[PDB]
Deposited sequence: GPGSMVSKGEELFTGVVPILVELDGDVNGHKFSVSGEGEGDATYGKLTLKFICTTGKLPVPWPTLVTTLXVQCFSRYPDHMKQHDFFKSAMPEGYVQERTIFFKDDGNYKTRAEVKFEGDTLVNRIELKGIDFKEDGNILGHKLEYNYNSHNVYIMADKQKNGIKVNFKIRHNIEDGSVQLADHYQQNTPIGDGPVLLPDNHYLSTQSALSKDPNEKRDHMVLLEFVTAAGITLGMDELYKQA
């Protein structure tokens, strides 16, 4: 009922990812702030185990949609905040066209005053000389439309979208995202009418960071339901 009240101001964020892609294990930690009133994320991630064995852009979607801007006329359609503070489970399969897939399971919840995203990621069937394991993706990111619908079981939501990764040679690598979210708690949640989010992201580097890392600025707004 009142989960949205936890997001009226700036909220600290922690992200922890445990990854294994084709047997290459790695860990990523992230921290920063989200300002859901304005759909804004300011985050920095580091690969704490060493070199990241996949391109950073391929992890962006895995690495907190409760910080999406939901405008006032769409407040009754914001599943993500309604599940808080107990949180939700977010599961994906991500199919990289003509390459392997990621499967992920995350818990997104408050731990004290911090919104924490804790993820396990498994990647299989990647080509050692493909675009992912061969690091042929540009260090940049596109704008996407994210499609949201209530699930048929009346428990949570399904989410579908296609991510476009620019390849160094000028082509585009599609990453087809299949997503499901369910509440962790027994409390009531908001099941939305169908709608979409529109995303903007910028990836950068911190000149004083010596570890493999990603600085991320992200702006996300919901839309599609009016008056």
Problem set entry | Unmodelled ranges, which are counted on the deposited sequence from position 1 and given in order | 1 to 6, 70, 235 to 243
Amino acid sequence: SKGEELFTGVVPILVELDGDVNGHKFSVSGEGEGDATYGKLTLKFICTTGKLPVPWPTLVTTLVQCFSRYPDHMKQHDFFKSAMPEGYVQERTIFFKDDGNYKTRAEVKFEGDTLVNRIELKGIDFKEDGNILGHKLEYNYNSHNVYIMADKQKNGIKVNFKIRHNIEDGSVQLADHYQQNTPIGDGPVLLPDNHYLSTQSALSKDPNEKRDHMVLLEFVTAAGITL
From here on, numbers count along this sequence of modelled residues.
For this session: Look over 163 to 171 and 40 to 48 in the entry and identify the one with the greater average Cα temperature factor.
Result: 163 to 171
Problem set entry | 212 to 220 set against 6 to 14, stretch whose average Cα temperature factor tops the other in the entry | 6 to 14
Exercise. When you compare the CA B-factors of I184, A202, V64, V60 as listed in the entry, which one comes out on top?
Worked result: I184
Exercise. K103's Cα B-factor: lowest, middle or highest third of the chain?
Worked result: lowest
For this session: Comparing against every modelled residue in the chain, figure out the third that the C-alpha B-factor of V54 lands in (lowest, middle or highest).
Result: middle
Exercise. Would the CA B-factor of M149 place it in the lowest, middle or highest third of its chain?
Worked result: middle
Exercise. Hey, what third does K75 fall into on Cα B-factor, ranked over its chain?
Worked result: highest
For this session: Pull the Cα B-factor of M84 out of the PDB entry and bin it into the chain's lowest, middle or highest third.
Result: highest
